[PDB]
Amino acid sequence: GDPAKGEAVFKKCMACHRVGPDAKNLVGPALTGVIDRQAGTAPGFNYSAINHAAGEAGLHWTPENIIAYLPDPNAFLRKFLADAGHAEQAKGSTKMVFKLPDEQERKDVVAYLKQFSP
Ligand code: HEM
């Protein structure tokens with residue numbers, strides 16, 4: 001992944017997300033420090049039941065998980081919960097109504113996000 005190109009891909013995320021110092025929540029949660037962060041734990045953000053449940057079931061945003069998540073957020077979260085033994089909690093839908101199908105763009109945007117996490 002190329003972080004330089006990733007910054008350009010992030011333009012597709014900026015309508016709802018912010019990264020950087022004192023980044024604040026908007027329609028979506030701040031993404032500073034999201035790498036390896038438990039899903040649904042960004043301070044002050046009101047998550048969907050499914051995004052919250054996935055984190056409680058063990059979902060952490062490793063680079064691999066973000067890459068697999070971006071092409072279809074709902075599909076990823078529902079499968080994660082089912083595989084974990086919490087299928088009953090995968091009936092809802094995530095508030096993130098956006099998809100990034102292209103593999104390269106996904107790799108690059110994740111490379112960019114890694115710059116803002118330990
Ligand atoms: C390549 C594009 C984007 C990236 C990298 C991205 C990444 C993420 C990630 C990793 C999460 C989970 C964060 C957490 O659990 O703390 C998330 C949640 C969310 N994103 Fe995005 N996002 C992108 C674009 C968008 C856009 C454009 C929108 C909406 C038009 C959006 C709205 C949201 C919302 C509302 C949530 C919370 C979902 C929920 O609570 O169910 N995202 N995003």
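In listed order, ligands and their atoms are each counted from 1. Numbers for residues simply follow the sequence, beginning at 1.
Residue contacts with ligand 1 do not include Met14, since none of its heavy atoms lies under 4.0 Å from the ligand. For the pair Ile66 and ligand 1, no heavy-atom separation below 4.0 Å is found. Under a 4.0 Å heavy-atom criterion, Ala15 is not in contact with ligand 1.
Residue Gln38 has no N or O atom closer than 3.5 Å to an N or O atom of ligand 1. For ligand 1, none of its N or O atoms has an N or O atom of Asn46 under 3.5 Å away. Of the N or O atoms in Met96, none lie within a sub-3.5 Å distance of an N or O in ligand 1. Considering backbone and side-chain N/O atoms, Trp61 comes within less than 3.5 Å of an N/O atom of ligand 1. At least one N or O atom of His17 sits closer than 3.5 Å to an N or O atom of ligand 1.
Residue-ligand proximity, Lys12 to ligand 1, at heavy-atom distances under 4.0 Å covers atoms 27 (C). Using a 4.0 Å cut-off to heavy atoms of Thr94, the atoms of ligand 1 that qualify are 38 (C), 39 (C), 41 (O).
Summarising the geometry of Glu105 relative to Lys12, their closest heavy-atom pair is OE2-NZ, 2.8 Å, with the distance given to 0.1 Å. Minimum interatomic distance between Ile35 and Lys114 (heavy atoms only, all atoms of both residues): CG1-CA, 4.0 Å.
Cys16 SG, 3.6 Å is the protein heavy atom nearest to atom 26 (C) of ligand 1. Here the protein heavy atom with the shortest distance to atom 35 (C) of ligand 1 is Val27 O, 3.2 Å.
No continuous path of hydrophobic side-chain contacts links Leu113 to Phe45 [ILVMFWY only; heavy atoms under 4.5 Å].
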Q: Just do the side-chain contact (heavy atoms from CB on, under 4.5 Å) check on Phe116 and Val34 with the steps written out, would you?
A: CA-CA 8 Å; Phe116 296 91; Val34 67; over 6 Å; no

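Only the side chain of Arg37 comes within 4.0 Å of ligand 1, counting heavy atoms alone; its backbone N, CA, C and O stay farther away. Both the backbone and the side chain of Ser48 come within 4.0 Å of ligand 1, judged by heavy-atom distances.
Of the listed options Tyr69, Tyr112, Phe98, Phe10, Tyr69 places a heavy atom closest to atom 10 (C) of ligand 1.
For the 3.5 Å distance criterion, the side chains of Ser48 and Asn51 fail to qualify, holding no donor opposite an acceptor.
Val109 places a side-chain heavy atom less than 4.5 Å from the side chain of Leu70.
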